[PDB]
Structures are given as C-alpha cells and as structure tokens.
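First, one chain by itself: the form deposited in one PDB entry, in structure tokens.
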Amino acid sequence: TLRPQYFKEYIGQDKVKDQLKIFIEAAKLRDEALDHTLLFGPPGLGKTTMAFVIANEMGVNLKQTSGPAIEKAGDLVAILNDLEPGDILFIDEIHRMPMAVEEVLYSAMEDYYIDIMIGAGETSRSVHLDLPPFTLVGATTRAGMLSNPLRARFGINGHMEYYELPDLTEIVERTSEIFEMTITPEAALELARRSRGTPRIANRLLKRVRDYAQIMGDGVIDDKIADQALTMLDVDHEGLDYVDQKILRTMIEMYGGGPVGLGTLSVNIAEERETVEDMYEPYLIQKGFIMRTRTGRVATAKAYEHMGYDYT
C-alpha cells in the first residue's frame, strides 16, 4: 500500500510525531493504555493514516466508524460493547454525531461505564455496565464545533498543519517509484508547488500527468511536459482550481472587487452557498486572496495583480 505504517516512514508532522513518541513509549513502560487523543486540521493531511501508525506502534487492532454512521445510542452501545481490552477506536468527524450519542461517551471516556434504564410506569430500573480499558481516537476538521464537555475529556491534542516544499517533493518521489515513473527533481518540485500543501492532491495530479506524458511524450516526465500538462488540467501556477479562478474572476469583473454577498455570489456561479463557505473560502482566506468585511467579501490588491488586472 502507499500509506506508511511506522513513524520512520511517515514524513513530516515533526511536532505531532515527536510528541506522540514520548507518550507512546512512556505508556509501555508503565504497561497501560494511551490517553484519549484528538487529531484535527484540514482534510487530507494524514489524520487517518496516523491512527493506523499509532495502532502498530502500540500493538493493538484498530476499529473504525464515523459520526454520521452512528444514529442511536444503541449503535454506540453495541460498538463499545464490541471492544477488546486495549482496543483503539477511531471515530471520523466525531463532532457530527448527534447530541444523544455523546451521552454515552462522557461516562465511557471518564469512568468507562454506561447506564441504561429499564421498566415502565410503576416499574423502573437500570443496568450499569462496566467497560474495559480502551483508547478513543477522534478526528475532526473543526475544533471549535466540538462539544465543549467532550473536548475537555481529550488528554492529547494533535494539531495537523500543511506540509512544506521539502516534504511534498519527497512524497511525490516516493509515490512515483510505485508507478515506475521517471521524474526529475525539477518536475517533482513543480507538482509540489502547485499542490498547495496537500498530499492527496499531489497523488491525484501525478496520476493525471502520467496519462498525458504517456501520449504527448516518450513517457519521461520533463519539467516542460509537467507545465504543459498542468495547464491542460486547468491548474493555476498558484494552485487555484477551476472554481477558485471562477470566483476571483467574477468578483473583479462583475463587482469591481466587491463588496458582494455570499448569496449573490453563490447564485451567480452555479454553487451552493454552504459549499462555497466550507470548501473553497477557507483556503482563499488563509492566503489573503479574499477578505471578509461588514458588507461582504472583497478581493485584495494581491488578487488583482495575480489575475492580471490593474488595481484602482
């Protein structure tokens, strides 16, 4: 498989990786389970992969589910009842599970037990069930949307961040060997620059560039070929996608840089307002291409010079 299995193979995330090593080995010296750990950050940074690495370093079998996959307390009760001592449970988008599901998790995390009422009318009893020692691993895209009392239960916080050019270039090379593709150190740098920090994007771009090089070339990925392929795929030199270019172009040409409301913009381009604000705007904000104001979004001077329009 492409994904790494041990801390030696996992490139980057030096801070998170360095912290986890100390805690994982310390837990072994005391012969006890690892404290509950929360991983968070932009999608595709490797949160899921890290969970598998932790399991191998611990020597445990991973179990998995997701917030949207759990809809009733009985589901989590069954899941938690289907646990073995030392097991590691990974829950994707732990913040999306309903408020009724967290009820079970608080006592499960802190005391490792659950309580279920039984009986009706004049009859009323409950069953208190002990849980074996386990390690919950949660992952989310947004930390501020997690339940405050739940957030307080996590003992370790792992903040993922974007990879730098040295790491992404090494990841591109690693993957290229699996495809038996010949790529020079120059071409690998171009893909790393325009993949805007995300390994998942780099792997997808590489496969698409390969198909072009196998026809419009002799199967050798040259820097000249990579640039021609990237323009055919409509990928900007700044890593702006087709949708990103469409947004900036519309604000400058139709609104003089704004201000413009999210609804008006989302109606001009055939997009859902919830998608624009969740998928695309976050990246454009972090790079300062779009700024938020009382009257709406505004394109900065940086955007004008990039697109090639004279600023006012």
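Superpose the two forms; the largest set of C-alphas matching within 1.5 Å is the rigid core. The first residue of the shown sequence is 1; numbering continues from there.
In what follows, reference is made to the form deposited in another entry, a form of this protein that is not presented.
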Upon rigid core superposition, which of the listed residues (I171, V137, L240, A108) is displaced by 2 angstroms or more at its Cα between the shown form and the other one?
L240
Answer yes if the Cα of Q19 shifts by 2 angstroms or more between the shown form and the other one on a rigid-core superposition, and no otherwise.
no
Answer yes if the CA of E57 moves 2 Å or more between the shown form and the other one after aligning the rigid core, and no otherwise.
no
Did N157 shift 2 Å or more between the shown form and the other one, C-alpha, core superposed
no
